[PDB]
Amino acid sequence: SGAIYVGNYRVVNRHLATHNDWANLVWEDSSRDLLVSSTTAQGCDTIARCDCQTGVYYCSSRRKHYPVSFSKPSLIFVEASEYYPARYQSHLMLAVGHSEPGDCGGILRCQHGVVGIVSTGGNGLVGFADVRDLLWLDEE
Ligand SMILES: COCc1ccccc1CC(=O)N1CCC[C@H](C(N)=O)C1
Ligand SMILES: [Zn+2]
């Protein structure tokens, strides 16, 4: 579990979005596993605007932050689950690291701010949904 709080927006994994999130929807993309809902209180996260491929992510199943090297946002095949059928997830970045079901929502950050959130996991791999191209998150 986990979310990004930037301005009056809440960014979560689309598969973990609540009843309240859909009623307060701003934008969602099933192919990216992202949903953005509106908030009443202002958030304090800053989104990175960069092409960093190194950063640190929070792993809830280990209660630890791990430094990682990660791939550029890409269209990656993701096995069928209870949330989505087998499909191509876009804007996904992979790294060699621990991830388990329950770790989605953990933030990945670089020196410029928030890069993205944990969205997928494999045998020794972790996948992050990138948010750096969502320029509108900084305005209104
Ligand atoms: C955070 O790692 C989860 C994980 C680790 C290790 C094995 C399996 C998973 C679950 C998994 O990858 N998915 C289930 C939830 C929706 C995800 C999606 N974005 O399509 C895919
Ligand atoms: Zn950066």
# chains A, B, ... in the order shown; residues from 1 in each chain; ligands from 1

$ residues_near_ligand --ligand "ligand 1" --cutoff "6 Å" --atoms "only C-alpha atoms and all ligand atoms" --output "NGL selection string"
:A and (33 or 78 or 81 or 83-84 or 99-101 or 103-104 or 118-122)

$ residues_around --residues "residue 105 of chain A" --least-positions-apart "3" --cutoff "8 Å" --atoms "only C-alpha atoms" --output "ChimeraX atom specification"
/A:1-3,12-13,117-119

$ select_by_dssp --residues "segment 11-136 of chain A" --states "strand (DSSP E or B)" --output "PyMOL selection string"
chain A and resi 11-13+25-29+34-44+47+54-59+64-69+74-78+87-96+107-110+113-121+125-130

$ closest_atom_pairs --of "chain A" --to "ligand 2" --cutoff "9 Å" --atoms "only C-alpha atoms and all ligand atoms" --output "Markdown table"
| residue | atom | partner | partner_atom_place_in_ligand_line | distance |
| --- | --- | --- | --- | --- |
| A:48 | CA | ligand 2 | 1 (Zn) | 5.5 |
| A:49 | CA | ligand 2 | 1 (Zn) | 6.5 |
| A:50 | CA | ligand 2 | 1 (Zn) | 4.7 |
| A:51 | CA | ligand 2 | 1 (Zn) | 6.0 |
| A:52 | CA | ligand 2 | 1 (Zn) | 4.3 |
| A:53 | CA | ligand 2 | 1 (Zn) | 7.6 |
| A:54 | CA | ligand 2 | 1 (Zn) | 7.8 |
| A:55 | CA | ligand 2 | 1 (Zn) | 7.7 |
| A:109 | CA | ligand 2 | 1 (Zn) | 7.6 |
| A:110 | CA | ligand 2 | 1 (Zn) | 4.7 |
| A:111 | CA | ligand 2 | 1 (Zn) | 5.2 |
| A:112 | CA | ligand 2 | 1 (Zn) | 4.4 |
| A:113 | CA | ligand 2 | 1 (Zn) | 6.6 |
| A:114 | CA | ligand 2 | 1 (Zn) | 8.1 |
| A:115 | CA | ligand 2 | 1 (Zn) | 7.1 |

$ write_last_selection --atoms "C-alpha atoms" --output "PDB file, in the first residue's frame"
ATOM      1  CA  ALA A  48      10.973  14.572 -10.278  1.00  0.00           C
ATOM      2  CA  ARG A  49      11.347  16.051 -13.830  1.00  0.00           C
ATOM      3  CA  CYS A  50      14.452  14.203 -15.057  1.00  0.00           C
ATOM      4  CA  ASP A  51      15.844  11.042 -16.754  1.00  0.00           C
ATOM      5  CA  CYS A  52      17.566   9.529 -13.612  1.00  0.00           C
ATOM      6  CA  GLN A  53      18.002   5.740 -13.794  1.00  0.00           C
ATOM      7  CA  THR A  54      19.253   5.441 -10.108  1.00  0.00           C
ATOM      8  CA  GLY A  55      17.218   6.058  -6.988  1.00  0.00           C
ATOM      9  CA  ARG A 109      12.768   8.633  -5.434  1.00  0.00           C
ATOM     10  CA  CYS A 110      15.865  10.215  -6.954  1.00  0.00           C
ATOM     11  CA  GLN A 111      17.666  13.525  -6.095  1.00  0.00           C
ATOM     12  CA  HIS A 112      14.903  15.467  -7.941  1.00  0.00           C
ATOM     13  CA  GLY A 113      11.897  14.014  -6.088  1.00  0.00           C
ATOM     14  CA  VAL A 114       9.327  11.267  -6.633  1.00  0.00           C
ATOM     15  CA  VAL A 115       9.944   9.137  -9.726  1.00  0.00           C
TER      16      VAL A 115
END

$ select_by_dssp --residues "chain A" --states "helix (DSSP H, G or I)" --output "PyMOL selection string"
chain A and resi 14-16+19-23+30-32+135-138

$ write_last_selection --atoms "C-alpha atoms" --output "PDB file, in the first residue's frame"
ATOM      1  CA  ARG A  14      -5.329   1.922  -9.974  1.00  0.00           C
ATOM      2  CA  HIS A  15      -5.853  -1.681  -8.698  1.00  0.00           C
ATOM      3  CA  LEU A  16      -5.732  -0.416  -5.061  1.00  0.00           C
ATOM      4  CA  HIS A  19     -14.668   3.954  -3.552  1.00  0.00           C
ATOM      5  CA  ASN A  20     -13.771   7.604  -2.635  1.00  0.00           C
ATOM      6  CA  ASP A  21     -11.025   7.743  -5.284  1.00  0.00           C
ATOM      7  CA  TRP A  22     -13.362   6.913  -8.222  1.00  0.00           C
ATOM      8  CA  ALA A  23     -15.962   9.487  -7.133  1.00  0.00           C
ATOM      9  CA  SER A  30      -5.547   0.960 -16.731  1.00  0.00           C
ATOM     10  CA  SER A  31      -2.576   0.268 -19.046  1.00  0.00           C
ATOM     11  CA  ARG A  32      -0.284   2.168 -16.564  1.00  0.00           C
ATOM     12  CA  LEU A 135       3.529  17.410 -15.976  1.00  0.00           C
ATOM     13  CA  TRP A 136      -0.005  18.534 -15.066  1.00  0.00           C
ATOM     14  CA  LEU A 137       0.543  17.179 -11.498  1.00  0.00           C
ATOM     15  CA  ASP A 138       2.516  20.412 -10.757  1.00  0.00           C
TER      16      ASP A 138
END

$ residues_around --residues "residue 43 of chain A" --least-positions-apart "6" --cutoff "7 Å" --atoms "only C-alpha atoms" --output "list in words"
residues 5, 6, 7 and 8 of chain A

$ atom_distance --atom1 "atom CA of residue 127 of chain A" --atom2 "atom CA of residue 95 of chain A"
6.5 Å

$ residues_around --residues "residue 97 of chain A" --least-positions-apart "6" --cutoff "6 Å" --atoms "only C-alpha atoms" --output "NGL selection string"
:A and (124-126)

$ residues_around --residues "residue 27 of chain A" --least-positions-apart "5" --cutoff "9 Å" --atoms "only C-alpha atoms" --output "ChimeraX atom specification"
/A:34-37

$ closest_residue --among "A:45, A:28, A:130, A:139" --to "residue 72 of chain A" --atoms "only C-alpha atoms"
A:130

$ decode --residues "segment 20-54 of chain A" --atoms "C-alpha atoms" --output "PDB file, in the first residue's frame"
ATOM      1  CA  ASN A  20     -13.771   7.604  -2.635  1.00  0.00           C
ATOM      2  CA  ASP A  21     -11.025   7.743  -5.284  1.00  0.00           C
ATOM      3  CA  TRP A  22     -13.362   6.913  -8.222  1.00  0.00           C
ATOM      4  CA  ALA A  23     -15.962   9.487  -7.133  1.00  0.00           C
ATOM      5  CA  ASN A  24     -13.150  12.120  -6.923  1.00  0.00           C
ATOM      6  CA  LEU A  25     -11.393  11.015 -10.159  1.00  0.00           C
ATOM      7  CA  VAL A  26      -9.083  13.401 -12.057  1.00  0.00           C
ATOM      8  CA  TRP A  27      -7.350  10.868 -14.402  1.00  0.00           C
ATOM      9  CA  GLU A  28      -6.767   7.107 -14.712  1.00  0.00           C
ATOM     10  CA  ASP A  29      -5.031   4.758 -17.158  1.00  0.00           C
ATOM     11  CA  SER A  30      -5.547   0.960 -16.731  1.00  0.00           C
ATOM     12  CA  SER A  31      -2.576   0.268 -19.046  1.00  0.00           C
ATOM     13  CA  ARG A  32      -0.284   2.168 -16.564  1.00  0.00           C
ATOM     14  CA  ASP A  33      -1.940   0.880 -13.296  1.00  0.00           C
ATOM     15  CA  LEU A  34      -2.356   4.575 -12.168  1.00  0.00           C
ATOM     16  CA  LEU A  35      -5.251   6.593 -10.770  1.00  0.00           C
ATOM     17  CA  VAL A  36      -5.173  10.244  -9.606  1.00  0.00           C
ATOM     18  CA  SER A  37      -7.952  11.560  -7.324  1.00  0.00           C
ATOM     19  CA  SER A  38      -8.558  15.078  -5.885  1.00  0.00           C
ATOM     20  CA  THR A  39      -7.819  15.929  -2.189  1.00  0.00           C
ATOM     21  CA  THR A  40      -9.042  18.677   0.188  1.00  0.00           C
ATOM     22  CA  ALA A  41      -5.670  19.156   1.939  1.00  0.00           C
ATOM     23  CA  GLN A  42      -2.444  20.088   0.148  1.00  0.00           C
ATOM     24  CA  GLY A  43       0.268  17.423  -0.117  1.00  0.00           C
ATOM     25  CA  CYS A  44       4.028  17.896   0.256  1.00  0.00           C
ATOM     26  CA  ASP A  45       5.586  15.527  -2.346  1.00  0.00           C
ATOM     27  CA  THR A  46       7.591  16.978  -5.276  1.00  0.00           C
ATOM     28  CA  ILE A  47       7.536  15.021  -8.603  1.00  0.00           C
ATOM     29  CA  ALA A  48      10.973  14.572 -10.278  1.00  0.00           C
ATOM     30  CA  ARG A  49      11.347  16.051 -13.830  1.00  0.00           C
ATOM     31  CA  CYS A  50      14.452  14.203 -15.057  1.00  0.00           C
ATOM     32  CA  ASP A  51      15.844  11.042 -16.754  1.00  0.00           C
ATOM     33  CA  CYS A  52      17.566   9.529 -13.612  1.00  0.00           C
ATOM     34  CA  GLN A  53      18.002   5.740 -13.794  1.00  0.00           C
ATOM     35  CA  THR A  54      19.253   5.441 -10.108  1.00  0.00           C
TER      36      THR A  54
END
